[PDB]
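Each of two forms of one protein chain follows alone as structure tokens, named structure 1 and structure 2.
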Structure 1
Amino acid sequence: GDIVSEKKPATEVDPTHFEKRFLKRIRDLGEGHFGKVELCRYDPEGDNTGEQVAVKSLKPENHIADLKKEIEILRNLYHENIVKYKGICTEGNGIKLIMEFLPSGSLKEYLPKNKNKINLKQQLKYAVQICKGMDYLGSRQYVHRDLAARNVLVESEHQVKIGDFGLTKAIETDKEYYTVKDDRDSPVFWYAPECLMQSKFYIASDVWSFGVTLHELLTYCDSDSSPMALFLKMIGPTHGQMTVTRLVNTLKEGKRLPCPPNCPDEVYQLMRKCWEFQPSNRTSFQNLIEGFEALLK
């Protein structure tokens, strides 16, 4: 008789599924390590009225498994100071991470441009927000490993969010740290001594990175006062492959980044507590939250 076909089952729409054909590239936003982030418009109506989104894709060069792990981490993080997961675009092994777009960008471009409207009180409120997002990440047993002002996005003049989780790793249950094997592109000037010499990553190692991020915040991310520029002035700049060993020696000696210009000593002492040589001796994120809240009174 008649040709047999398939009964069409009801097709429910997934709001976290972004079709490639409607995901239109506007410009590059940033990049890091094996990935890149682009501003796109998701435009199913094809009239330029669609929502603007930030799209993470792998740089052509392996790392598919890392991007998929990052998607699964971000998809399950829900915090006011953590960039919002929106969905995915699937290829086919390929995948793209869809996040909310924050037009003000990172603190690295925002602070040098908005010094006049961002006073100490606002800088301390951003510090609290970063600590709150980080404490939430730590409570879910994750280490960020790339905490720097460059990875902090501006939602508005009054709110910041951790904007990238490209290097985020889980800590094991009944364990205290993550062991790194791939360290070639490490942001060494933001790293705790245990990360540089023993390749161990603790929640206390993220507290060290926060201390350096706080210093950047207080210097309005000025390029000439950057953690890299300051440490290279301290140890020497032209040392090539000997730079990390010279940095470790400097930290063992008790030397640290100086107090930023116009930064009060009470704020500098909270920053120094992030830089205790032993991780067990360092301040916690909750203690930092209470320290800043006390200065905001």
Structure 2
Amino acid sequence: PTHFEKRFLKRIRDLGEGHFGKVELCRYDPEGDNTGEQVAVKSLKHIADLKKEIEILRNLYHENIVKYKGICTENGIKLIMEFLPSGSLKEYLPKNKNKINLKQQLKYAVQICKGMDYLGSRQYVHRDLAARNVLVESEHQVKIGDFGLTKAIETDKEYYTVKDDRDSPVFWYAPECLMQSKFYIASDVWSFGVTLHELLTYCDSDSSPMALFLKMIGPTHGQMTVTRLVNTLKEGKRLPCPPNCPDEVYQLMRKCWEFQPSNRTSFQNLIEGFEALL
């Protein structure tokens, strides 16, 4: 069930491609009759990073967390998971602007929040909660997908300190992350507020968190981007209320963006908040 033979993973097409690896659509077909199930295969070309990601995903089992299927061994390793045909929200929302209404957006918000609350109960900080990492199973079901930057918060500890040279989604990050490299469950609540904004703007590229924040901070050298961003956030500046987003949804977004981590709302309070609106 969990061990996939490389010779039976028949590549169909690419789903995602980055500088250091890719995600492909395959059919695991050991019978050769073309009746095998379609899977999403994550690979490289960082090695220890994918194994950590495999380790975490392997230990998570939830309705709103992408289903781990298994691995494919070479030293190299491949992550096998369920294929969600509609892909990420970053892909889905621009193609379905006319099809998706507020009720539906709220239904995804609750779903994201349930997967995140499950994740926090497992003592994990996602560290990459963005629309591009929220996968669409159906018109009414989404699942959290990429555990590449995910870290376990030690028992009785409030946060994890990120000590490394890896790239980070700074435009989705809470001030403590940018300033001290501290990652609390409340840091994930911050990223959720940024994700909710993307979800309400239908992932319009011109209104993306990076594009709006870069427009706020003006001309900057890359080395000064995070400091310029820290300062914008210290002044009280936030992503504006998306047009046609009701105040009741914006106040819940604002509850995700309280400067101090302890002043932010919980994922459970967010679930209850969106449910009252449905």
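Take the two forms, find the largest set of C-alpha atoms that superpose within 1.5 Å, and that set is the rigid core. All residue numbers here follow the sequence of structure 1, with the first residue given the number 1.
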Go through 49, 269, 262, 249 and flag the only one whose CA is off by 2 Å or more between the two structures, rigid core held fixed.
49
Core superposed, what is the CA shift for residue 32 between the two structures, in angstrom?
5.2
Core superposed first, then measure: what is the displacement of the CA of residue 239 between the two structures, in Å?
3.5
Using a rigid core superposition, the C-alpha offset of residue 124 between the two structures in Å is 0.6
